[PDB]
$ cat model.json   # JSON, C-alpha atoms
[["chain", "number", "residue", "atom", "x", "y", "z"],
["A", 1, "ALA", "CA", 185.40, 38.86, -81.47],
["A", 2, "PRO", "CA", 186.77, 42.24, -82.60],
["A", 3, "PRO", "CA", 187.96, 42.58, -86.20],
["A", 4, "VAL", "CA", 191.59, 43.16, -87.15],
["A", 5, "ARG", "CA", 190.81, 44.91, -90.46],
["A", 6, "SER", "CA", 192.10, 48.48, -90.23],
["A", 7, "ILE", "CA", 190.01, 51.29, -91.68],
["A", 8, "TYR", "CA", 191.57, 51.79, -95.11],
["B", 1, "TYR", "CA", 169.78, 51.43, -79.49],
["B", 2, "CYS", "CA", 172.66, 49.98, -77.46],
["B", 3, "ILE", "CA", 174.94, 52.84, -78.47],
["B", 4, "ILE", "CA", 172.37, 55.15, -76.85],
["B", 5, "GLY", "CA", 171.73, 52.77, -73.94],
["B", 6, "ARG", "CA", 175.25, 51.33, -73.66],
["B", 7, "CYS", "CA", 173.78, 47.82, -73.54],
["B", 8, "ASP", "CA", 174.59, 44.39, -75.00],
["B", 9, "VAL", "CA", 178.29, 45.02, -74.45],
["B", 10, "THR", "CA", 179.13, 41.46, -75.50],
["B", 11, "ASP", "CA", 177.43, 41.81, -78.90],
["B", 12, "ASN", "CA", 180.03, 43.58, -81.05],
["B", 13, "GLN", "CA", 177.33, 44.53, -83.60],
["B", 14, "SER", "CA", 179.63, 42.98, -86.19],
["B", 15, "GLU", "CA", 176.99, 43.60, -88.87],
["B", 16, "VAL", "CA", 177.73, 47.34, -88.85],
["B", 17, "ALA", "CA", 181.07, 47.62, -86.98],
["B", 18, "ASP", "CA", 183.29, 45.54, -89.26],
["B", 19, "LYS", "CA", 186.43, 47.70, -88.97],
["B", 20, "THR", "CA", 188.66, 47.95, -85.91],
["B", 21, "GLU", "CA", 188.01, 51.66, -85.34],
["B", 22, "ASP", "CA", 184.28, 50.92, -85.58],
["B", 23, "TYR", "CA", 184.79, 48.44, -82.73],
["B", 24, "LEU", "CA", 186.77, 50.81, -80.51],
["B", 25, "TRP", "CA", 184.21, 53.54, -81.14],
["B", 26, "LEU", "CA", 181.37, 51.08, -80.54],
["B", 27, "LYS", "CA", 182.77, 50.13, -77.13],
["B", 28, "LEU", "CA", 183.94, 53.53, -75.88],
["B", 29, "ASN", "CA", 180.29, 54.52, -76.38],
["B", 30, "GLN", "CA", 179.41, 51.55, -74.14],
["B", 31, "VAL", "CA", 181.90, 51.87, -71.26],
["B", 32, "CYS", "CA", 180.38, 52.84, -67.91],
["B", 33, "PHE", "CA", 181.39, 54.22, -64.52],
["B", 34, "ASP", "CA", 179.97, 53.13, -61.15],
["B", 35, "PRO", "CA", 176.73, 44.89, -62.28],
["B", 36, "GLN", "CA", 175.35, 42.90, -65.23],
["B", 37, "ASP", "CA", 175.65, 43.86, -68.91],
["B", 38, "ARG", "CA", 178.14, 46.58, -67.97],
["B", 39, "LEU", "CA", 181.71, 47.32, -69.06],
["B", 40, "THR", "CA", 184.23, 49.80, -67.65],
["B", 41, "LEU", "CA", 187.38, 51.29, -69.14],
["B", 42, "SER", "CA", 189.58, 49.24, -66.81],
["B", 43, "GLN", "CA", 187.90, 45.99, -67.87],
["B", 44, "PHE", "CA", 187.83, 47.00, -71.54],
["B", 45, "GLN", "CA", 191.44, 48.21, -71.63],
["B", 46, "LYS", "CA", 192.66, 45.10, -69.80],
["B", 47, "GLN", "CA", 190.25, 42.75, -71.61],
["B", 48, "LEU", "CA", 191.62, 43.89, -74.98],
["B", 49, "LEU", "CA", 195.37, 43.36, -74.61],
["B", 50, "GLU", "CA", 195.29, 40.54, -72.05],
["B", 51, "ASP", "CA", 192.98, 38.23, -74.01],
["B", 52, "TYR", "CA", 193.60, 39.62, -77.52],
["B", 53, "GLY", "CA", 197.23, 40.70, -77.35],
["B", 54, "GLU", "CA", 199.55, 41.90, -80.11],
["B", 55, "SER", "CA", 199.12, 38.50, -81.78],
["B", 56, "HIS", "CA", 195.46, 39.22, -82.51],
["B", 57, "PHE", "CA", 196.01, 42.78, -83.78],
["B", 58, "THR", "CA", 199.27, 42.26, -85.70],
["B", 59, "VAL", "CA", 198.41, 39.21, -87.83],
["B", 60, "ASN", "CA", 197.82, 41.55, -90.80],
["B", 61, "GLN", "CA", 201.39, 42.88, -90.27],
["B", 62, "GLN", "CA", 200.03, 46.40, -89.71],
["B", 63, "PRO", "CA", 201.64, 47.83, -86.56],
["B", 64, "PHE", "CA", 199.77, 51.11, -86.09],
["B", 65, "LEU", "CA", 196.46, 49.24, -85.83],
["B", 66, "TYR", "CA", 197.49, 47.84, -82.45],
["B", 67, "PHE", "CA", 199.09, 51.14, -81.39],
["B", 68, "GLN", "CA", 195.82, 52.98, -81.99],
["B", 69, "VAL", "CA", 194.03, 50.33, -79.94],
["B", 70, "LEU", "CA", 196.32, 50.92, -76.97],
["B", 71, "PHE", "CA", 196.66, 54.70, -77.30],
["B", 72, "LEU", "CA", 192.93, 55.37, -77.74],
["B", 73, "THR", "CA", 192.29, 53.32, -74.57],
["B", 74, "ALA", "CA", 194.68, 55.38, -72.35],
["B", 75, "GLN", "CA", 197.26, 52.54, -72.26],
["B", 76, "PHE", "CA", 200.08, 54.82, -73.32],
["B", 77, "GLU", "CA", 202.96, 52.85, -71.80],
["B", 78, "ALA", "CA", 201.93, 49.63, -73.55],
["B", 79, "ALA", "CA", 201.57, 51.39, -76.90],
["B", 80, "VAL", "CA", 204.93, 53.11, -76.42],
["B", 81, "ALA", "CA", 206.90, 49.97, -75.57],
["B", 82, "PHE", "CA", 205.08, 48.00, -78.27],
["B", 83, "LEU", "CA", 205.76, 50.58, -80.98],
["B", 84, "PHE", "CA", 209.31, 51.01, -79.67],
["B", 85, "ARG", "CA", 210.14, 47.42, -80.66],
["B", 86, "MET", "CA", 209.33, 47.92, -84.35],
["B", 87, "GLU", "CA", 212.84, 48.71, -85.60],
["B", 88, "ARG", "CA", 211.31, 50.91, -88.32],
["B", 89, "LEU", "CA", 209.26, 52.99, -85.85],
["B", 90, "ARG", "CA", 211.74, 53.46, -82.99],
["B", 91, "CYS", "CA", 211.99, 57.19, -83.67],
["B", 92, "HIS", "CA", 208.22, 57.67, -83.44],
["B", 93, "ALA", "CA", 207.79, 55.64, -80.25],
["B", 94, "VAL", "CA", 210.54, 57.47, -78.37],
["B", 95, "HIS", "CA", 209.01, 60.86, -79.14],
["B", 96, "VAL", "CA", 205.43, 59.90, -78.27],
["B", 97, "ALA", "CA", 207.08, 58.88, -75.00],
["B", 98, "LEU", "CA", 208.76, 62.28, -74.63],
["B", 99, "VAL", "CA", 205.46, 64.08, -75.25],
["B", 100, "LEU", "CA", 203.83, 61.97, -72.54],
["B", 101, "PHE", "CA", 206.89, 62.77, -70.39]]
$ encode --input "model.json" --output "structure tokens"
Amino acid sequence: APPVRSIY
Amino acid sequence: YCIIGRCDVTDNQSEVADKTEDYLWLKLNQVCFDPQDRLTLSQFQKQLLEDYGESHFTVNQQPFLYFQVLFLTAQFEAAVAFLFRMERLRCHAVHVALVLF
């Protein structure tokens, strides 16, 4: 369950 | 502990690794080379795009996120073709292909 929120 | 011991590969430690780069980094510190609780680059690289393809990593309509996932896992051809389809990033995908060429 890896996140899809890019480091911003 | 399991970054030092490369254990509990299934547990994504989502409490601390909430970003995508934190996941990649969490796993590349867990990959192994030559049977239980063990992950290798081939499994990880295939496991990522086969099960969680573009669809999973492009729902936020952010293309580079997926590209970084493929490129930082040595899957250069996938990342090149993928990024070559974005009509706004054709230029960039051709050249990253030339460099690899």
$ interface_residues --input "model.json" --of "chain B" --to "chain A" --cutoff "10 Å" --atoms "all atoms listed in the file" --output "PyMOL selection string"
chain B and resi 10-14+17-24+48+52+56-60+62+64-66
$ write_last_selection --input "model.json" --atoms "C-alpha atoms" --output "short mmCIF file (atom, residue, chain, number, x, y, z; two decimals), in the frame of the given file"
data_model
loop_
_atom_site.label_atom_id
_atom_site.label_comp_id
_atom_site.auth_asym_id
_atom_site.auth_seq_id
_atom_site.Cartn_x
_atom_site.Cartn_y
_atom_site.Cartn_z
CA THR B 10 179.13 41.46 -75.50
CA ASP B 11 177.43 41.81 -78.90
CA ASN B 12 180.03 43.58 -81.05
CA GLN B 13 177.33 44.53 -83.60
CA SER B 14 179.63 42.98 -86.19
CA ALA B 17 181.07 47.62 -86.98
CA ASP B 18 183.29 45.54 -89.26
CA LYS B 19 186.43 47.70 -88.97
CA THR B 20 188.66 47.95 -85.91
CA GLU B 21 188.01 51.66 -85.34
CA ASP B 22 184.28 50.92 -85.58
CA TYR B 23 184.79 48.44 -82.73
CA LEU B 24 186.77 50.81 -80.51
CA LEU B 48 191.62 43.89 -74.98
CA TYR B 52 193.60 39.62 -77.52
CA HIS B 56 195.46 39.22 -82.51
CA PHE B 57 196.01 42.78 -83.78
CA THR B 58 199.27 42.26 -85.70
CA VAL B 59 198.41 39.21 -87.83
CA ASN B 60 197.82 41.55 -90.80
CA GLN B 62 200.03 46.40 -89.71
CA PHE B 64 199.77 51.11 -86.09
CA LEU B 65 196.46 49.24 -85.83
CA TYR B 66 197.49 47.84 -82.45
#
$ atom_distance --input "model.json" --atom1 "atom CA of residue B:71" --atom2 "atom CA of residue B:83"
10.6 Å
$ atom_distance --input "model.json" --atom1 "atom CA of residue B:80" --atom2 "atom CA of residue B:61"
17.6 Å
$ residues_around --input "model.json" --residues "stretch 87-96 of chain B" --least-positions-apart "4" --cutoff "10 Å" --atoms "all atoms listed in the file" --output "JSON, numbers by chain"
{"B": [63, 64, 67, 76, 77, 79, 80, 81, 82, 83, 100, 101]}
$ residues_around --input "model.json" --residues "residue B:4" --least-positions-apart "5" --cutoff "12 Å" --atoms "all atoms listed in the file" --output "PDB file with C-alpha atoms, in the frame of the given file"
ATOM      1  CA  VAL B   9     178.290  45.020 -74.450  1.00  0.00           C
ATOM      2  CA  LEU B  26     181.370  51.080 -80.540  1.00  0.00           C
ATOM      3  CA  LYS B  27     182.770  50.130 -77.130  1.00  0.00           C
ATOM      4  CA  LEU B  28     183.940  53.530 -75.880  1.00  0.00           C
ATOM      5  CA  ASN B  29     180.290  54.520 -76.380  1.00  0.00           C
ATOM      6  CA  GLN B  30     179.410  51.550 -74.140  1.00  0.00           C
ATOM      7  CA  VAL B  31     181.900  51.870 -71.260  1.00  0.00           C
TER       8      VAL B  31
END
$ atom_distance --input "model.json" --atom1 "atom CA of residue B:45" --atom2 "atom CA of residue B:73"
6.0 Å
